[PDB]
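Residue numbers (the UniProt record's numbering), protein chains in the order written: chain A, 30 to 143; chain B, 30 to 143; chain C, 30 to 143; chain D, 30 to 143.
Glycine included, each C-beta is placed from N, C-alpha and C at the ideal position.
Number of protein chains: 4
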Amino acid sequence: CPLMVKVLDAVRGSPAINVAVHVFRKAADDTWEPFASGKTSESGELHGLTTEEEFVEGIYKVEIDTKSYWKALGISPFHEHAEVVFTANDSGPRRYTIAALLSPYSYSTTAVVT
Amino acid sequence: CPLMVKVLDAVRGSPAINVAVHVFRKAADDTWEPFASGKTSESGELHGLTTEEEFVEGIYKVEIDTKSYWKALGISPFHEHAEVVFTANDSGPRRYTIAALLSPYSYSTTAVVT
Amino acid sequence: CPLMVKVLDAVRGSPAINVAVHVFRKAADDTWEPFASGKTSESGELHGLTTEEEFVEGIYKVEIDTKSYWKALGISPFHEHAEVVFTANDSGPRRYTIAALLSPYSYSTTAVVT
Amino acid sequence: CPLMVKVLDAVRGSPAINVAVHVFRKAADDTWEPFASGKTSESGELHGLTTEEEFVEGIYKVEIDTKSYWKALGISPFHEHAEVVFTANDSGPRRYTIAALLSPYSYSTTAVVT
Ligand SMILES: O=C(O)c1ccccc1Nc1cccc(C(F)(F)F)c1
Ligand SMILES: O=C(O)c1ccccc1Nc1cccc(C(F)(F)F)c1
Numbered sequence: 030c031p032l033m034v035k036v037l038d039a040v041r042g043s044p045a046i047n048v049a050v051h052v053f054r055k056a057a058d059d060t061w062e063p064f065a066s067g068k069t070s071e072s073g074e075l076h077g078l079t080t081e082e083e084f085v086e087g088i089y090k091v092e093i094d095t096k097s098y099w100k101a102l103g104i105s106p107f108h109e110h111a112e113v114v115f116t117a118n119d120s121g122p123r124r125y126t127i128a129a130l131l132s133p134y135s136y137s138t139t140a141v142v143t
Numbered sequence: 030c031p032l033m034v035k036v037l038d039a040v041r042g043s044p045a046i047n048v049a050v051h052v053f054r055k056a057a058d059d060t061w062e063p064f065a066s067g068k069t070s071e072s073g074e075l076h077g078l079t080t081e082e083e084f085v086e087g088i089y090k091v092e093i094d095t096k097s098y099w100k101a102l103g104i105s106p107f108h109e110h111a112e113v114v115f116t117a118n119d120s121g122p123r124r125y126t127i128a129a130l131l132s133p134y135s136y137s138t139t140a141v142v143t
Numbered sequence: 030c031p032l033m034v035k036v037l038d039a040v041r042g043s044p045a046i047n048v049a050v051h052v053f054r055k056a057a058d059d060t061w062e063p064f065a066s067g068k069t070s071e072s073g074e075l076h077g078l079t080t081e082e083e084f085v086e087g088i089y090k091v092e093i094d095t096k097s098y099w100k101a102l103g104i105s106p107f108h109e110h111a112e113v114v115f116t117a118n119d120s121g122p123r124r125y126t127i128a129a130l131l132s133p134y135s136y137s138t139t140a141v142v143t
Numbered sequence: 030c031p032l033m034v035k036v037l038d039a040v041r042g043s044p045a046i047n048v049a050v051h052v053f054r055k056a057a058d059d060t061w062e063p064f065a066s067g068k069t070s071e072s073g074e075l076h077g078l079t080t081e082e083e084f085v086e087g088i089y090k091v092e093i094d095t096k097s098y099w100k101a102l103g104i105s106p107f108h109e110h111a112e113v114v115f116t117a118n119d120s121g122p123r124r125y126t127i128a129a130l131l132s133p134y135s136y137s138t139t140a141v142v143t
């Protein structure tokens, strides 16, 4: 899997478990087409969203449903969700780890590309 | 002004000057309508995007053109841009400061609501 | 004032008010000598820690009492406190803003130097 | 190993490899006694610093030599190093992952405790 998402909880000091993640790919008409989706595991990870065959060059949007996550904790979050938009494989296939660190009013995101 | 954006550069240790910021508001048909735009000042700040009369409850998207910013520095960035999506004034008018700290492969964003 | 500290709360989406901040300077014998201290205001800011006459080149440590801050909110924090260690004015006097964004198990810190 | 350190590079979008890490434990006389040290691997990770037998309750300081790391990249960093100070095993043995995300003028740190 060339696309992995990892999500952490900065309030509890633990992985953000069962966070919904939706991935979209920009279509020719500049629309976001659904690409893959999943929920993070107990380790706050989501693997197996794609295959390198299917993961072609393009602009992808990784949307993390942070709102639902905090609501389930009884916390009222600021953001509707966290989005990470990036061009991928523009120079051939690469492995992308998109990480997010969550707090009710803040998130940090980083990408490790190899 | 009930909405202010501040953008900092984590690589140079300075405000991110002249970063284009586009603000949209979700329309009834679930589309993003253009709302306000501008460029950050020499202090990395963007004020006067709205008025509290015009700033009604709704879901707003603040889009920060980070890609152009790094390209201008000769650095190749990961993200197409940074987006902050949030519901505003759902409980009456508030002052929102949306801050972003930028790095080529990472960004952190926080909201200070008062 | 050539040294300012700003502290924000990522859980409440507000400035971190009344956070104790202690600044030290490395002495010849490699010990931390007390330099300045204070508490953040209602805006999460702490100014007037020094004067540019007194603020000479050296290694300074800004210590932020985050533990007390979270305890006062009834939250159990991970860190004893946050420390920022940096060499200052090594190239003549500059204005330093040290900012920190706090969460129970995490903190981000940036410097804006001008 | 109950203590793991992971360090990432926000400028290159990769793990921060070969970063020196020194861990200290607060002694009875309130002095920092050397506890363990190592360098991060190609994956930006440092494991095997201790054993759960040796990792007793106490206040520990994890110091990350960020300055040397950036200097080797020809970048001049703001911080001397990044320090993470925390009380550990105060409620019995736990596994601690201390993560840091680095930029020349900024770092973020989080702890995942299990
Ligand atoms: O901790 C992981 O295992 C991790 C994995 C991939 C990328 C980043 C990772 N950690 C981390 C540590 C601090 C801050 C952030 C960020 F906010 F950028 F997502 C991520
Ligand atoms: O530094 C400011 O003046 C600031 C203003 C409003 C909100 C946050 C601010 N500072 C700050 C300091 C560290 C990290 C971040 C964040 F990444 F969240 F944007 C923001």
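Got a sec: does ligand 2 put a non-hydrogen atom nearer than 6 Å to the Cβ of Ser135/A?
Against the first sequence, residue 135/A aligns to sequence position 106. Result yes, Cβ under 6 Å from ligand 2.
I'd like to know if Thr79/B contacts chain A, where contact means its C-beta is closer than 7 Å to some C-beta of that chain.
Residue 79/B sits at position 50 when you count from the first residue of the second sequence. Cβ-Cβ to chain A under 7 Å: no for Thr79/B.
Let me confirm a value: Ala39/C is counted as buried when at least 16 other C-beta atoms fall within 10 Å, else exposed. Which label applies?
Taking the third sequence and counting its residues from 1, the one referred to as residue 39/C is at position 10. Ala39/C is buried by the Cβ-count criterion.
For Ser70/C, return the contacting residues in chain A, with the cut-off set at a CB-CB distance below 9 Å.
Working through the third sequence from its first residue, we reach residue 70/C at position 41. Here the premise fails: no neighbours, minimum Cβ distance about 19 Å.
Taking 6 Å as the cut-off, does the CB of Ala128/D come closer than this to any heavy atom belonging to ligand 2?
Mapped onto the fourth sequence, residue 128/D falls at position 99. Flag unset: Cβ of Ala128/D not near ligand 2.
Going by the C-beta, is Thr143/D closer than 6 Å to any heavy atom of ligand 1?
Position 114 of the fourth sequence, counted from the first residue, corresponds to residue 143/D. Exclusion of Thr143/D from the 6 Å shell around ligand 1 follows from its C-beta lying no nearer than that to any non-hydrogen atom of the ligand.
Cβ-heavy atom distance between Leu37/D and ligand 1 below 6 Å?
As a working mapping, residue 37/D is identified with position 8 in the fourth sequence. Within the cutoff, so yes.
Which of helix, strand or coil does DSSP assign to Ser70/A?
Start at 1 with the first residue of the first sequence, and residue 70/A comes out as number 41. Here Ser70/A sits in coil by DSSP.
Can you tell me whether DSSP reads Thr80/D as helix, strand or coil?
Locating residue 80/D in the fourth sequence gives position 51, counting from the first residue. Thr80/D sits in coil when the DSSP states are folded into three classes, being neither helix nor strand.
Assigned exposure category for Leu102/B - 16 Cβ within 10 Å defines buried
Sequence index remark: in the second sequence, residue 102/B carries index 73 (1-based). Under this definition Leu102/B is an exposed residue.
So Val85/A and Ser66/A are supposed to be a Cβ contact under 8 Å. How far apart are they, rounded?
For the purposes of this step, residue 85/A is taken as residue 56 along the first sequence, with counting starting at 1. For the purposes of this step, residue 66/A is taken as residue 37 along the first sequence, with counting starting at 1. With a Cβ gap of about 18 Å, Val85/A and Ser66/A do not count as contacting.
Using Cβ-Cβ distances below 8 Å, what residues of the region 116-134 of chain B are close to chain D?
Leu130, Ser132, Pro133 and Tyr134
Would you say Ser105/B reaches chain A, if we count a Cβ-Cβ gap shorter than 7 Å as a contact?
Here residue 105/B corresponds to residue number 76 of the second sequence, with the count starting at 1. Judged by the 7 Å Cβ criterion, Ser105/B is not in contact with chain A.
Straight-line Cα distance separating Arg54/B from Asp119/B:
Translated into the one-based positions of the second sequence, residue 119/B becomes position 90. Translated into the one-based positions of the second sequence, residue 54/B becomes position 25. Across the structure, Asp119/B and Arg54/B are spaced so that their CA atoms are roughly 14 Å apart.
Would you give the residue range spanned by the alpha helix (DSSP H) that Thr95/C belongs to?
The residue given as residue 95/C occupies position 66 in the third sequence. It spans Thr95 to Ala101 - the alpha helix (DSSP H) in which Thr95/C sits, taken as one unbroken run.
Determine, using beta carbons only, whether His76/B and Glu92/B come nearer to each other than 7 Å.
Within the second sequence, numbered from 1, the residue matching residue 76/B stands at position 47. Within the second sequence, numbered from 1, the residue matching residue 92/B stands at position 63. Contact: no.
Does the Cβ-Cβ distance between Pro44/A and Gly73/A come in under 7 Å?
To locate residue 44/A, count along the first sequence from 1; it is residue 15. To locate residue 73/A, count along the first sequence from 1; it is residue 44. Going by C-beta atoms, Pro44/A is nearer than 7 Å to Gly73/A.
Please report the straight-line C-alpha distance between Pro63/D and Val50/D, rounded to a whole angstrom.
To locate residue 63/D, count along the fourth sequence from 1; it is residue 34. To locate residue 50/D, count along the fourth sequence from 1; it is residue 21. Cα to Cα, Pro63/D sits roughly 11 Å from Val50/D.
Got a sec? Which residues, its chain only, sit under 6 Å from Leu130/D by beta carbon, not counting five neighbours each side?
Residue numbering aside, residue 130/D sits at position 101 when the fourth sequence is read from its first letter. Excluding residues within five positions, the ones whose Cβ falls inside 6 Å are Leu37, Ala39 and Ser137.
Element boundaries [beta strand (DSSP E), containing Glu112/A]
The residue given as residue 112/A occupies position 83 in the first sequence. Counting along the chain, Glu112/A sits inside the beta strand (DSSP E) bounded by residues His108 to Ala117.
Helix, strand or coil for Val85/A per DSSP?
If you number the first sequence from 1, residue 85/A lands on position 56. Coil at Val85/A, not helix or strand.
Against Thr139/A, what residues of chain D qualify as contacts under a CB-to-CB distance less than 7 Å, listed in chain order?
Taking the first residue of the first sequence as position 1, residue 139/A is located at position 110. The answer, in chain order, is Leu37, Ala39 and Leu130.
Check whether the Cβ atoms of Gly87/A and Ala140/D sit closer than 7 Å, and answer yes or no.
The residue given as residue 87/A occupies position 58 in the first sequence. The residue given as residue 140/D occupies position 111 in the fourth sequence. Not closer than 7 Å, so no.
Would you kindly work out how many angstroms separate the C-alpha atoms of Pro31/B and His108/C, rounded to a whole number?
Within the second sequence, the letter at position 2 stands for residue 31/B. Within the third sequence, the letter at position 79 stands for residue 108/C. About 34 Å.
How would you list, in chain order, the residues of chain C whose beta-carbon sits under 7 Å from the beta-carbon of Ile88/D?
For this step, residue 88/D is matched to residue 59 along the fourth sequence. Within 7 Å Cβ-Cβ: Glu109.
Within 7 Å of any Cβ in chain D, is that where the Cβ of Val113/A sits?
Against the first sequence, residue 113/A aligns to sequence position 84. Closer than 7 Å: no.
Within 10 angstroms of its Cβ, does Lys96/B collect 16 or more other Cβ (buried), or is it exposed?
The sequence position of residue 96/B within the second sequence is 67, counting from 1. Result: buried.
If the criterion is Cβ atoms closer than 7 Å, does the pair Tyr98/B and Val48/B meet it?
To locate residue 98/B, count along the second sequence from 1; it is residue 69. To locate residue 48/B, count along the second sequence from 1; it is residue 19. Their beta carbons are under 7 Å apart, which means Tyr98/B touches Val48/B by this criterion.
Contact with chain C by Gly73/A, beta-carbon distance below 7 Å
Position 44 of the first sequence, counted from the start, is the residue given in the question as residue 73/A. Not closer than 7 Å to any Cβ of chain C, the Cβ of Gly73/A fails to qualify, so no.
By how many angstroms is the C-alpha of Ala128/D removed from the C-alpha of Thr143/D?
Position 114 of the fourth sequence holds residue 143/D. Position 99 of the fourth sequence holds residue 128/D. Whole-angstrom Cα-Cα distance: 14 Å.
Please report the distance separating the alpha-carbon of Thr116/A from that of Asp59/D.
If you number the first sequence from 1, residue 116/A lands on position 87. If you number the fourth sequence from 1, residue 59/D lands on position 30. Their backbone Cα atoms lie some 51 Å apart in a straight line.
Consider the Cβ of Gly42/C: report whether some Cβ of chain A lies at a distance smaller than 7 Å.
Against the third sequence, residue 42/C aligns to sequence position 13. Closer than 7 Å: yes.
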